[PDB]
Amino acid sequence: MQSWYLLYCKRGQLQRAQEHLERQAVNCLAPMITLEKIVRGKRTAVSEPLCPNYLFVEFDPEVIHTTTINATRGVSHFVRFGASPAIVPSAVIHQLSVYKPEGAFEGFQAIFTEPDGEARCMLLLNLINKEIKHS
Amino acid sequence: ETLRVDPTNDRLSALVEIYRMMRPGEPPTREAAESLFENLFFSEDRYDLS
Amino acid sequence: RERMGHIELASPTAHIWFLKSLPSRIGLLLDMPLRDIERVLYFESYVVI
Amino acid sequence: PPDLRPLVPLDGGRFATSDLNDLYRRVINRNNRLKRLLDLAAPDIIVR
RNA sequence: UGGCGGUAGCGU
DNA sequence: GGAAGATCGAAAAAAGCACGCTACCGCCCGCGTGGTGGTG
DNA sequence: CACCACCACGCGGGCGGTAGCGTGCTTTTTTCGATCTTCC
């Protein structure tokens, strides 16, 4: 009955959309990995998302409608395969929450290999789409 | 005659039909339809008869 | 004033004039209702080839 | 051709609107984004 | 060194 | 002797709406992030 | 010399919003679901 959707939030307001969604009793997830990247000085903990303007949400449409999510501040729209928003089961976000250092694990090793931010979130959507095809 | 033509037979069906007319494409939900009906004419923030 | 340019599209796009100008040329040629035509063009339904 | 859609000077440091240029810029942006997405082996939803 | 929009007016 | 053909009424979409001229103003990204320069 | 302020700027597009917006014309064409008909 509960549905996991993916939100292409507005550019530059990821944290604002996060707090606004958390205010509406909606479980929101932003994958977090620092990769120990190098800031202007030296290597530190940058703590940047997979790639910006991307969020995961869990909400039953019966209690809270998708129009409310669309009107939430900081978020632009969903991603809809065909004509309806993509359905996402719990396996992907279980794997994402558990592993925060199989095939998904090899995906994570890929993420740690390239650090190209667009590519990190790109392989993230690749893995989630692979699971969606499996489902 | 209008009632005979009318396909709806309950308050929920009428609310769902109203929501479908107002917002085509969106999934008609009980809470969404009720909120839209309440805010259409019975809310001071959206309706104001001077 | 006379030299033209061109853009190489990554994916094909339907011409709006030959699709939306009633009667639809693409729909008439394919013997298919227009609703299927622009629900397939805009990525909402699959069509068998 | 550019002369048929000129970018006239406003004599104040800025230029005209040139809606044709804006639409061409949007089309070029979409085409370049789609090309980059295809070169990245994107999943079906994103390319769609 | 141009376009768009709004406003008012003139002759029909 | 019940589904294609014909009808058909309503809903939607597209096209059009005189000519010439004068004067004025308002406007012609964006935004909100980040790279980079200045600095206590 | 890592922290604030100024200008490139980048992709972004409907905006701002925790949603709608629309509200005094006429004619022609499409079309689409609903209804009646008739014969294979």
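Naming: A, B, ... by sequence-line order, numbering from 1 per chain. Heavy atoms only: backbone and side chains are in, while hydrogens, waters and symmetry mates are out.
What separates CG of D:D22 from P of E:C4 is a distance of 17 Å, to the nearest Å. If you measure from atom NZ of D:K35 to atom P of G:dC11, you get 14 Å, rounded to the nearest angstrom. The interatomic distance linking D:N29 (CG) with G:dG13 (P) rounds to 10 Å, in whole Å. Rounded to an integer number of Å, the gap from D:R25 CZ to G:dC11 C1' is 9 Å. C:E38 places its CD atom 13 Å from the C1' atom of G:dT31, with the value rounded to the nearest Å. Atom pair D:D11:CG and F:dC27:P shows a separation of 18 Å (rounding to whole Å applied). Rounded to whole angstrom, the span from the CZ atom of D:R33 across to the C1' atom of G:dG13 amounts to 13 Å. Computed from coordinates, the D:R14 CZ to F:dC27 P distance equals 10 Å when rounded to whole Å.
The pentose of G:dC6 is categorized as south (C2'-endo side) on the basis of a negative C1'-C2'-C3'-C4' torsion. With its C1'-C2'-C3'-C4' torsion above zero, F:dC17 shows a north sugar pucker. Sugar pucker of G:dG17: north, since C1'-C2'-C3'-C4' comes out positive. Residue note: F:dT22 shows a north-type sugar, the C1'-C2'-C3'-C4' torsion being above zero. Using the sign of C1'-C2'-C3'-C4' as the criterion, F:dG26 is classed as a south pucker.
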Side chains of residues 11-27 of chain C: which donor-acceptor partners sit under 3.5 Å, not counting sequence neighbours?
| residue | atom | partner | partner atom | Å |
| --- | --- | --- | --- | --- |
| C:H15 | ND1 | C:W17 | N | 3.1 |
| C:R25 | NH1 | C:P23 | O | 2.6 |

Report all side-chain donor-acceptor pairs from residues 115-127 of chain A shorter than 3.5 Å, counting only partners two or more places apart or in another chain.
| residue | atom | partner | partner atom | Å |
| --- | --- | --- | --- | --- |
| A:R120 | NE | A:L50 | O | 3.3 |
| A:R120 | NH2 | A:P49 | O | 2.2 |
| A:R120 | NH2 | A:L50 | O | 3.2 |
| A:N126 | ND2 | A:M122 | O | 3.3 |
| A:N126 | ND2 | D:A41 | O | 3.3 |

If you look only at distance, which donor and acceptor atoms sit under 3.5 Å apart when one is on a side chain in residues 78-104 of chain A and the other is two or more places apart or in another chain?
| residue | atom | partner | partner atom | Å |
| --- | --- | --- | --- | --- |
| A:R80 | NH1 | A:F78 | O | 3.2 |
| A:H94 | ND1 | A:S90 | O | 2.8 |
| A:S97 | OG | A:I93 | O | 2.8 |
| A:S97 | OG | A:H94 | O | 2.9 |

Review item, side-chain donor-acceptor pairs of residues 35-50 of chain B, under 3.5 Å, at least two apart:
| residue | atom | partner | partner atom | Å |
| --- | --- | --- | --- | --- |
| B:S43 | OG | B:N39 | O | 3.4 |
| B:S43 | OG | B:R46 | N | 3.2 |

List the atom pairs, with distances to 0.1 Å, where a side-chain N or O of residues 2-20 of chain A and a protein N or O form a donor-acceptor pair under 3.5 Å, not counting sequence neighbours.
| residue | atom | partner | partner atom | Å |
| --- | --- | --- | --- | --- |
| A:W4 | NE1 | A:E58 | OE1 | 2.5 |
| A:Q15 | NE2 | A:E19 | OE1 | 3.2 |
| A:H20 | ND1 | A:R23 | NH1 | 3.4 |

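D:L10 and D:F15 are assigned to two separate hydrophobic clusters, defined by single-linkage of ILVMFWY side chains at heavy-atom distances under 4.5 Å. Hydrophobic clustering (side-chain heavy atoms under 4.5 Å, transitive across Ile, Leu, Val, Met, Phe, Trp, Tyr) groups C:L41 together with C:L30. By the rule that hydrophobic residues join a cluster once side-chain heavy atoms approach within less than 4.5 Å of another member, D:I46 and D:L40 end up as members of one cluster.
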Identify the pairs formed between an N or O of the protein and an N or O of nucleotides 38-40 of chain F at a distance under 3.5 Å, and give each distance.
none

Between the protein and nucleotides 14-17 of chain F, are there any N/O to N/O pairs under 3.5 Å, and if so, what are the atom names and distances?
none

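Classification of the G:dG16/G:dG17 step: stacked, the six-membered rings being closer than 5.5 Å at their centres and less than 30° apart in plane orientation. Base stacking of G:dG24 on G:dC25: absent by the 5.5 Å centre and 30° plane cutoffs. Neighbours F:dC28 and F:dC29 form no stacked pair of bases, judged on six-membered rings against the 5.5 Å and 30° limits.
The aromatic rings of A:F105 and A:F108 stand perpendicular to each other, their planes meeting at an angle above 60°, with 30° marking the opposite boundary.
Comparing F:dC27 with G:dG17, their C1' atoms sit 27 Å apart, to the nearest whole Å. On the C1' atoms, G:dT30 is 31 Å away from F:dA18, given to the nearest whole Å.
Considering only side-chain N and O atoms, C:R35 lies under 4.0 angstrom from the phosphate OP1 or OP2 of G:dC32.
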*What string of B, S and - do you get for nucleotides 14-28 of chain G, 5' to 3', if B is base contact, S is sugar-phosphate-only contact and - is no contact with any protein heavy atom under 4.0 Å?*
--BBBSS--------
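Among residues at least two apart or in separate chains, side chain to side chain donor-acceptor pair (under 3.5 Å) pairs with a member in residues 28-49 of chain C are C:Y46-D:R48. Residue pairs meeting the salt bridge (charged side-chain N to carboxylate O under 4.0 Å, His left out) criterion with at least one member in residues 22-39 of chain D, sequence neighbours excluded: D:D22-D:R25.
The side chain to side chain contact (heavy atoms under 4.5 Å, CB included) search around C:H6 returns C:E8, not counting sequence neighbours.
Here D:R5 lies out of heavy-atom contact (under 4.0 Å) with every strand.
In this structure, G:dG20 forms a base pair with G:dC15, meeting either the Watson-Crick or the G-U wobble geometry with both donor-acceptor distances under 3.5 Å.
For a distance-only test at 3.5 Å, the side chain of A:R11 fails to qualify as a donor-acceptor partner of the base of G:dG13.
The aromatic ring centres of A:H65 and B:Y19 sit less than 6.0 Å apart.
Remark: A:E114 CD is packed, more than 12 non-hydrogen atoms of other residues, nucleotides or ligands lying under 6.0 Å away. Counting heavy-atom neighbours within 6.0 Å of A:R43 CZ, excluding the residue itself, gives a total of 12 or less.
In secondary-structure terms, DNA chain F builds stems of at least 3 consecutive Watson-Crick or G-U pairs, each pair having both distances under 3.5 Å, at E:2-12 with F:18-28, F:1-16 with G:25-40, F:29-40 with G:1-12.
Base orientation of G:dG22: syn, the glycosidic angle falling within 90° of 0.
The side chain of A:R40 lies closest to F:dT36 when the candidates are E:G2, F:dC29, F:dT36.
In this structure the side chain of B:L15 reaches within 4.5 angstrom of the side chain of B:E34, judged on heavy atoms.
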